[PDB]
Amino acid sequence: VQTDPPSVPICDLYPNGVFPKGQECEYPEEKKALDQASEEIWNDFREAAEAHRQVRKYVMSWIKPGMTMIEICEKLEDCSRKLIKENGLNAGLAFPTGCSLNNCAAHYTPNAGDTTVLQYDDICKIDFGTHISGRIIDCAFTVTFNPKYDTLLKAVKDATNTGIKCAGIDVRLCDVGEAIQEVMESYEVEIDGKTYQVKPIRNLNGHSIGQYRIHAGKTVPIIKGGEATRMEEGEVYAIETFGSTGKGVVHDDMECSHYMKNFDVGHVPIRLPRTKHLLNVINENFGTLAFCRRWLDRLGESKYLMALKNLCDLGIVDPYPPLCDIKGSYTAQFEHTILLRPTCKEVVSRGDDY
């Protein structure tokens, strides 16, 4: 039995090592055999998903205006580490806790010294990931306290659920985007006396997920006009949509906090001492998983900024700065991970919450 607040690892709650299925849906014999052959993989996803469900339920109980963004992320991450039973690269946090505010939709997590305080009128996107053996759960929701954003939230949730319903083996990615867009734009909202037709953020998308690879190569667009490339049996996708009251386009903005090794870059010998050490720290602790500066601090690293810049300039590491729409705009996000199994579509991260 899990504690409140949560402290019992998910592994210890299901002793037989069999974890709960997410929501299974029929798509819009030999395949059953093929499905069962990868059971250990689905099971890993499911373990990671249960951890995600329990962490997020916990976060929803205490997240409140008044808290610093740092306090929020540290409290969330602490619980996540505990429930996933962090163990080097075999079990852990898949990527940093996004807590993007307002016009900012994605890739913001505070660095050391950030004094930002969560406000009553803030619209905060909590996007965090867990993994078991590199089987990643990428799942996200939006937190508000002012009911004025209720319809904006409902639009994006509906858009995400539409994307999830439309997804399937042999489904064209461009169709999913068109579908998402149609639902999203069917919503109009009124916030502080102004009305808006909700728009999808056109340069943001969902994505295929691979082992230790958050962005495996295929993208799921949230507007019409994309690639007719088809989804394939066995693939795993992060179905995420973002709605905005602004331009519906994001740009890089603010201090960068998120970084991730380029998956395709091989071993590179480095003699520069600080740069060498940092790359070793990244290889040991994150591999190709994304990390943030706070995660370097926590490992006792200091004076690493120039080394990190070197790694970026070399193309060994890529920076992922916050992506924000225009000043004054509001953005919302909902996201789930789905498994395109041979016998069905599993919304693995589905919970009783969203």
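Quick note: we count residues from 1 along the sequence shown, nothing fancier.
Compared with other PDB entries of the same protein, residue 29 is missing from at least a third of those that resolve the residues around it. Gap check for residue 28 to residue 29: 10 or more deposited residues are absent from the model. Note on 261-269 vs 109-117: mean CA B-factor is higher in 261-269. Across the two stretches, 222-230 and 235-243, the PDB entry reports the greater mean Cα temperature factor for 222-230.
When the C-alpha B factors of 49, 69, 290, 34 are read from the deposited coordinates, the top value falls at 34. In the PDB entry, the Cα temperature factor peaks, among 135, 276, 125, 172, at 172. Residue-level temperature factors show residue 283 in the lowest third of its chain, judged at the C-alpha atom. Annotation for residue 131: C-alpha temperature factor in the lowest third relative to the rest of the modelled chain, per the entry. Residue 166: CA B factor lies in the highest third for its chain, per the PDB record. Annotation for residue 40: CA B-factor lies in the highest third of the chain's modelled residues. When the modelled residues of the chain are ordered by their C-alpha B factor, residue 94 lands in the lowest third.
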